[PDB]
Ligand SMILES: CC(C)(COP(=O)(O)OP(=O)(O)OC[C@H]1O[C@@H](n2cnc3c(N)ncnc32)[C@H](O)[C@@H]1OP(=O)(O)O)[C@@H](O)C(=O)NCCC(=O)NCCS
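Here you get one chain, nothing else, as structure tokens; it is the form solved without the named molecule.
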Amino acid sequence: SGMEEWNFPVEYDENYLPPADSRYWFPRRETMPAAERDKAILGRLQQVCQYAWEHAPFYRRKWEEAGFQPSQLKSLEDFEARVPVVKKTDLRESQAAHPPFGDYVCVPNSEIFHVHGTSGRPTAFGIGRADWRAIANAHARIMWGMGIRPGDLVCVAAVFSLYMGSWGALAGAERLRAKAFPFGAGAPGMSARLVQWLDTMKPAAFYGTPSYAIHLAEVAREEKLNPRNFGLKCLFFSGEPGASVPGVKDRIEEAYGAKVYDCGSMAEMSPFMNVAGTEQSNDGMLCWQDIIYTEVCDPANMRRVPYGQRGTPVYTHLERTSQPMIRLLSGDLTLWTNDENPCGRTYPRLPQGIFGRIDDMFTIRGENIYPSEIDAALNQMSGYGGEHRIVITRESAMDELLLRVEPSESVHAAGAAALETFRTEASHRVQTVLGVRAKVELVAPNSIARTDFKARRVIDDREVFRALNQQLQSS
């Protein structure tokens, strides 16, 4: 194959640094014919499944139940149809019956290097020493693709706790031999201090959520600092949609005078940057197939949908020995294509990134709406204040969409008629985009809580919905 350090278990050279003139960290793996890479991926898939069969009773039980033996994996079509998908609920049950890391941990307790997890039943991540190096090496490779280089100051501004996002970006920065600046997030008073550090330090790259980048520009402005004077060449994000959302990407690129990159699958899927945009293929994300095998499937049969069609990402680790995920169902919605990429990398693409989680979708008069579609339409409006909330009910069918929208400070300062003009135009814009009646209630500028993490814009409470609709009928 000629694939750079193509081994299982993987063992990367910690001293390797690509030539300064190279666009690719691994020229072969990243640009080889897709059909040649798919031959080696299937080869690796067989190794991984044999490994999981040996060390994970969780996979041994699940596969035996669905009538699968690793020897039946003879093609990528066999993987799709014979291998059952892993659900996040299966991981919880495995961890409850086999605490703390479940019966899919594989490595002995002795090899466990880091303990992380989920929050908001939580799952524990028991990552081995070798897997941490595989994650760091994979991330340095993908960050190089974004134009991030050794010696560049990289600000990692996501919470350093159970959350894998921050740790993953730090591990990549460390291996890329960049100046890792792990400021983190989460504590009150952090954002006001961060803008001062960004003004002083002038970083080349920034990592966090797309929501935090917006909140931080407002903080920079309140602190009488200009976010374009932070010397950023790029901002790279994961955690939620935004970085491949038309109006959101444009607002962040304009506020910082830098490029925006979309990345991120799942925390269970670390190296989560396995889906990521590159400096030239800057819109959407590429599926780095030789790091993690991505399949975009029809949720009805868990089989790959054709290119140009929407489906759910199903992921398989190719370079992990601790808690390896084999066909984990994301529960997210995307669209994938297989056209020539501007960077020259021969990978499938998610041109619009990831739309959101299927469970977050709601319905108004037979029309399926994703919260990111509302966020996208509102962010493309000049008078929009940067924040909103969607008030819904899943206990009864909704006839109209209730929105609490913030106007801009200049729209508010322009008076009562100017506010009413924006409220009417916002309602109409959402209606033209979604094809459903939209009731808009204007709230005071900067009243809606901002976040340094993931934006939770849907209020699914029944009482709140009734209270709002009744108040919107009285006005």
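One-based numbering along the sequence shown.
Another form exists, solved in complex with the named molecule; not displayed. Remarks below refer to it.
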query	finding
Site status for the named molecule placed as in the entry with it bound, C-alpha superposition, 2.4 Å backbone or C-beta test	blocked
Contact residue in the entry with it bound, chosen from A255, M190, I112, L225 - any heavy atom within 4.5 Å of the named molecule	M190
Candidate from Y293, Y104, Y163, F230 lying within 4.5 Å of the named molecule in the entry with it bound - any heavy atom	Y163
Partner-facing stretch of 339-347, 196-204, 180-188, 383-391, counted where any non-hydrogen atom is within 4.5 angstroms of the named molecule in the entry with it bound	180-188
Contact flag, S211 vs the named molecule in the entry with it bound, heavy atom cut 4.5 Å	yes
Non-hydrogen atom contact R251 with the named molecule in the entry with it bound at 4.5 angstroms	no
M325, heavy atom within 4.5 angstroms of the named molecule in the entry with it bound	no
Contact test in the entry with it bound: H215 vs the named molecule, heavy atoms, 4.5 Å	yes
Point of rigid-part switching between the shown form and the other one, i.e. the hinge, among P70, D339, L419, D359	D359
Cα-Cα trend for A157 and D375, given that in the entry with it bound the distance shifts by 3 Å or more	farther
Relative Cα spacing, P371 and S238, in the entry with it bound - shift of 3 Å or more	farther
